[PDB]
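Single chain ahead, written as structure tokens, the form solved without the named molecule.
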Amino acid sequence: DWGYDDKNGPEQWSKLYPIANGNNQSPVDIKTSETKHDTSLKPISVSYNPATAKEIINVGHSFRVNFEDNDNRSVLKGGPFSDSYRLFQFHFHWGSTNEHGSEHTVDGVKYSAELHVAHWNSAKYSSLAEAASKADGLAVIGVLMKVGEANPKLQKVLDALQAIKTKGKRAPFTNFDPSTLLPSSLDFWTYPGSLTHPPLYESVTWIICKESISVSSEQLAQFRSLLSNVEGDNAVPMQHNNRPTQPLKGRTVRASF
């Protein structure tokens, strides 16, 4: 289809998805001596309802926890946005080693994994589908995940994986508010950017938390144990799903702090 291995991986993605070499692609390296600070950034506010949590899904290169997105029970407001973005899923990226699984890098420094929390613009559009391709369509929080001490807040997700082992497998994941995964500081960078895997739409306003969160080495291993294959085939562990940082192409990262 597209994937993360040598032959279908990130460096080949422009072949089929030629936007991969676009000007607003993601991740980036945040150079901190080149961010512009902003008066106008409001503080980020997240208000999620745990009863909108719905299902954990293994999609072969990763997994995702979907939320119910029929209404503004779980929203993202503030920061750079004038209207409310509606939560629809959270997922993680990770790498082959502890030394680099993150997507965003800060001043060249790579973290072990990255949490993406994704919201769509339900003041402007009527579906994720309509919003997903729009410049103002998507809102995504990125949390860098630093290997270190086990992170207790991962437990429910980590314990649910044992039931979505194979590509396609899915399962109810309920009563979870994923604002418990964010760092306690809400400092962030924002830049105009993209989906980090294919379709690669340039539709994401990114929110990179300044502060990292923890993940232990063994909890990363749990992510890597997930299988990219369908039950009954050869086991193919999900070693990694992180995209190299892209060129800023004249964009500016704004600091909130």
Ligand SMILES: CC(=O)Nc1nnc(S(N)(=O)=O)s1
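One-based numbering along the sequence shown.
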{"property": "Per the entry, higher mean C-alpha B factor between 111-119 and 130-138", "result": "130-138"}
{"property": "Stretch exceeding the other in mean C-alpha B-factor - 247-255, 2-10", "result": "2-10"}
{"property": "Highest recorded Cα temperature factor - choice among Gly168, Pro183, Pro80, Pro172", "result": "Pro80"}
{"property": "From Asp159, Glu99, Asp187, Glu103, residue of greatest CA B-factor", "result": "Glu99"}
{"property": "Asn24 CA temperature factor, ranked by third within the chain", "result": "middle"}
{"property": "Ranked C-alpha temperature factor of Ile57 among modelled chain residues, by third", "result": "lowest"}
{"property": "Modelled-residue ranking by C-alpha temperature factor, third containing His91", "result": "lowest"}
{"property": "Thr35 CA temperature factor, ranked by third within the chain", "result": "highest"}
{"property": "Ranked C-alpha temperature factor of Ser225 among modelled chain residues, by third", "result": "middle"}
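Missing here is the form deposited with the named molecule bound; even so, the following discussion is about that form.
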{"query": "All of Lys110, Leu144 and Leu158 with a heavy atom within 4.5 Å of the named molecule in the deposited bound form", "finding": "no"}
{"query": "Interface segment, criterion being heavy atoms within 4.5 Å of the named molecule in the deposited bound form, picked from 45-53, 213-221, 190-198, 29-37", "finding": "190-198"}
{"query": "Residue contact check: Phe176 to the named molecule in the deposited bound form, 4.5 Å heavy atom", "finding": "no"}
{"query": "The named molecule contact in the deposited bound form: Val140, any heavy atom under 4.5 Å", "finding": "yes"}
{"query": "Proximity of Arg86 to the named molecule in the deposited bound form, heavy atoms at 4.5 Å", "finding": "no"}
{"query": "Non-hydrogen atom contact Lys153 with the named molecule in the deposited bound form at 4.5 angstroms", "finding": "no"}
{"query": "The single option of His91, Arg73, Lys169, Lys77 touching the named molecule in the deposited bound form, heavy atom within 4.5 Å", "finding": "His91"}
{"query": "Members of 204-239 lying within 4.5 angstroms of the named molecule, judged by heavy atom, in the deposited bound form", "finding": "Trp206"}
